[PDB]
Amino acid sequence: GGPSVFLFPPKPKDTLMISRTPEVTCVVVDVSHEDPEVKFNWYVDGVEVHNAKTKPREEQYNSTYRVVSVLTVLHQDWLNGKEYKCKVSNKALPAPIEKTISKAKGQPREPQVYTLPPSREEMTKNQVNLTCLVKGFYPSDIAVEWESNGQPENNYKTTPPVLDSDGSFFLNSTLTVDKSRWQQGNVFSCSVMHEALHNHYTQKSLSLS
Ligand SMILES: *[C@@H]1O[C@H](CO)[C@@H](O[C@@H]2O[C@H](CO)[C@@H](O[C@@H]3O[C@H](CO[C@H]4O[C@H](CO)[C@@H](O)[C@H](O)[C@@H]4O[C@@H]4O[C@H](CO)[C@@H](O)[C@H](O)[C@H]4NC(C)=O)[C@@H](O)[C@H](O[C@H]4O[C@H](CO)[C@@H](O)[C@H](O)[C@@H]4O[C@@H]4O[C@H](CO)[C@@H](O)[C@H](O)[C@H]4NC(C)=O)[C@@H]3O)[C@H](O)[C@H]2NC(C)=O)[C@H](O)[C@H]1NC(C)=O
Ligand SMILES: *[C@@H]1O[C@H](CO)[C@@H](O)[C@H](O)[C@H]1NC(C)=O
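Cut-offs and rules
Residue positions are given from 1 per chain in written sequence order; they need not agree with the entry numbering, and residues without coordinates are hidden. Numbering of ligands from 1 and lettering of chains from A proceed in the order in which they are written. Computation of side-chain values covers all heavy atoms of the structure but excludes hydrogens and water. One side-chain nitrogen of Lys or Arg within 4 Å of one carboxyl oxygen of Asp or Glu is enough to make a salt bridge. Going along the chain from the N terminus, every DSSP run of H or I of four or more residues is numbered as a helix, and every run of E of two or more is numbered as a strand. Here the term buried applies to any residue with accessible area under 20% of the maximum for its type, exposed to any over 50%, and partly exposed to those in between, with areas from a 1.4 Å probe on protein chains only. Paired strands are those between which DSSP finds at least two bridges. Residues grouped as a nonpolar core are buried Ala, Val, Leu, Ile, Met, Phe, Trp, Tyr and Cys residues, joined through side-chain atoms within 4.5 Å. Note on contacts: a residue pair qualifies if any of its non-hydrogen atoms lie within 4.5 Å across the two residues. Here the aromatic set is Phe, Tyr and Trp, taking the six-membered ring for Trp, and pairing holds for ring centres within 6.5 Å; pairs whose planes are under 30 degrees apart are stacked, those over 60 apart are edge-to-face, and all others are tilted. Two conditions define a charge located above a ring, namely a distance within 6 Å from the ring centre to NZ of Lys or CZ of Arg, and an angle within 35 degrees of the ring normal. Whether a residue is near a molecule or strand is decided by its heavy atoms; if any one of them lies within 4 Å of it, the residue is near. Whenever two N or O atoms come within 3.5 Å, that pair is a polar contact, provided that in protein one can donate a hydrogen and the other can accept it, and provided that, for residues adjacent in sequence, both atoms are side-chain atoms. We get accessible surface area from the Shrake-Rupley algorithm with a probe of 1.4 Å; when it comes to residues, only the shown protein chains can shield them. Under the scheme applied here, ten amino acids are nonpolar (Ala, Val, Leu, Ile, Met, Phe, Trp, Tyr, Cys and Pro), four are charged (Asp, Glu, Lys and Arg), and all others, including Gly, are polar.

Quick look at the pattern of salt bridges
Here's step 1: Overall, the coordinates contain seven salt bridges when judged by the stated rule.
Here's step 2: A salt bridge links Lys103 to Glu195; the shortest N-O distance between them is 2.6 Å. Here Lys103, found in the loop between β9 (97-101) and β10 (112-116), pairs with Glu195, found in the loop between β17 (188-193) and β18 (201-206); they are 92 residues apart in sequence, far enough to count as distant. Across the pair, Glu195 and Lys103 agree in class, each one buried.

Now the structure itself:
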């Protein structure tokens with residue numbers, strides 16, 4: 001004795017993109033070789049659901065199994081604050097273990113998005129940094145990408161959301177492009193996906209005129 005349960009929320013980009021699959025993951029550790037069977041029961045706002053997929057158990061190096069149940073959440077249900085409950089049953093458990101999860105509960109706040117052209121010190125060089133400042137958003141769940149002429153620009157680094165003095169979040173996204181591309185006057189756009197924006201999406205464009 002005995003097993004432990006950990007419940008994980010979906011990835012932010014999965015929650016914000018219609019083509020992606022947002023999943024809540026119920027992980028059971030310390031499952032015995034003697035009694036390796038785990039019964040998973042799932043509830044959405046107290047209502048039982050039967051659409052979760054279990055994965056084949058894995059032997060840990062500490063000679064125990066790690067057993068996982070993955071529940072697909074509806075994009076709208078997750079955003080509307082529905083509660084996801086995982087109930088775990090196992091013979092080595094006198095009473096089942098339950099864990100509940102839902103989206104962060106504070107008041108949603110819309111991100112403010114600003115673009116920063118390369119600084120004269122930054123601009124003289126071979127490759128230039130284009131910056132997208134995203135601040136004042138809540139919850140921290142967000143997705144920031146770059147684009148030009150309808151195609152993704154992949155040479156970017158986005159900082160993790162940082163908790164600010166007023167309890168909201170902020171981050172920077174920096175795209176590195178060849179100076180020649182920026183200098184030419186090509187339009188680079190910063191894409192921001194967040195629940196509180198109108199239509200959960202905004203974009204800010206940056207170009208040298
Ligand atoms: C046998 O060996 C096993 C494998 O090594 C080992 O399993 C490990 O067991 C420990 C505890 O014994 C368990 O620890 C918990 O880990 C939580 C994070 O797990 C994440 O992230 C880690 C690394 O950061 C990864 O290794 C995990 O795979 C898992 O990854 C996430 O997985 C999901 C689904 O797969 C993905 O969607 C995510 O992308 C992914 N993230 C990453 C970064 O990869 C960690 O959060 C836990 O801390 C919290 O719970 C503790 C419980 O004791 C608290 O003490 C601690 O304070 C934290 O509290 C929680 O946090 C908040 C505070 O209230 C609230 O959210 C919660 O209410 C609260 N919970 C409470 C109080 O219960 C925690 O340390 C490891 O995850 C696990 N590793 C794996 C791989 O399974 C076994 O223990 C070994 N057996 C032994 C030693 O006997
Ligand atoms: C651009 O900014 C990134 C991230 O802040 C940094 O690592 C890099 O060295 C800067 N300059 C260029 C030319 O990318």
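Here's the deal with the sheet that holds β18
Here's step 1: Here four strands make up an open sheet; going across it, the order is β13-β12-β17-β18 and the pairing antiparallel. Strand pairing shows two members of the sheet lacking a second neighbour, β13 (151-152) and β18, which therefore form its edges.

Thoughts on the nonpolar core
Here's step 1: Counting 21 residues, the largest nonpolar core has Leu130, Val134, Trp182 and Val192 as its most contacted members.
Here's step 2: Of all elements in the fold, only β11 (127-137), β12 (143-148), β16 (169-178) and β17 reach the threshold of two or more residues within this core.
Here's step 3: In terms of residue count, β11 provides more of this core than any other element does, five residues in total.
Here's step 4: When residues no more than four places from it in sequence are discounted, the contact partners of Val192 are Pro111, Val113, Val134, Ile142, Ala143, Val144, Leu197, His200, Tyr201 and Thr202.
Here's step 5: Ranked by size, the runner-up nonpolar core spans 20 residues in total, among them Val31, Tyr65, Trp78 and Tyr84.

Re the packing of aromatic side chains
Here's step 1: Counted according to the given criterion, the structure contains three aromatic pairs.
Here's step 2: Ring centres of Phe137 and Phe169 lie 6.3 Å apart, and the angle between their planes is 35°; on these two criteria the pair is classed as tilted. Note that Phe137 is positioned in strand β11 and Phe169 in strand β16, a separation of 32 residues in sequence. Per residue, the accessibility class of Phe137 equals that of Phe169, and both read buried.
Here's step 3: Every member of this aromatic cluster is reached through a ring pair, and the members are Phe137, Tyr138 and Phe169.
Here's step 4: The aromatic ring of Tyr43 is capped on one face by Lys85, whose charged end is 5.3 Å from the ring centroid.

So, the site of ligand 2
Here's step 1: Around ligand 2, the structure places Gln127, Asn129, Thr174 and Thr176.
Here's step 2: One of the side-chain N or O atoms of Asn129 is found 2.2 Å from an oxygen atom in ligand 2.
Here's step 3: In isolation ligand 2 offers 360 Å² of accessible surface; the protein chains occlude 42% of this area.
Here's step 4: Counting residues per element, the ones that place at least two in the shell around ligand 2 are β11 and β16.

Focus on the site of ligand 1
Here's step 1: Lining the immediate surroundings of ligand 1 are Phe6, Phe8, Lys11, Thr25, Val29, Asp30, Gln60, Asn62 and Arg66.
Here's step 2: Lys11 places a side-chain nitrogen or oxygen 3.3 Å from an oxygen atom of ligand 1.
Here's step 3: Contacts to ligand 1 include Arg66, whose side-chain N or O atom sits 3.2 Å from an oxygen atom.
Here's step 4: Relative to its unbound accessible surface of 1,400 Å², ligand 1 loses 30% to contact with the protein.
Here's step 5: Those elements giving two or more residues to the shell around ligand 1 turn out to be β1 (4-8) and β2 (23-31).
Here's step 6: Looking at the shell around ligand 1 element by element, the count peaks at three residues for β2.
Here's step 7: Partitioning the shell around ligand 1 into residue classes produces three nonpolar, three polar and three charged.

Without other data, these values stay purely geometric and don't point to any function.
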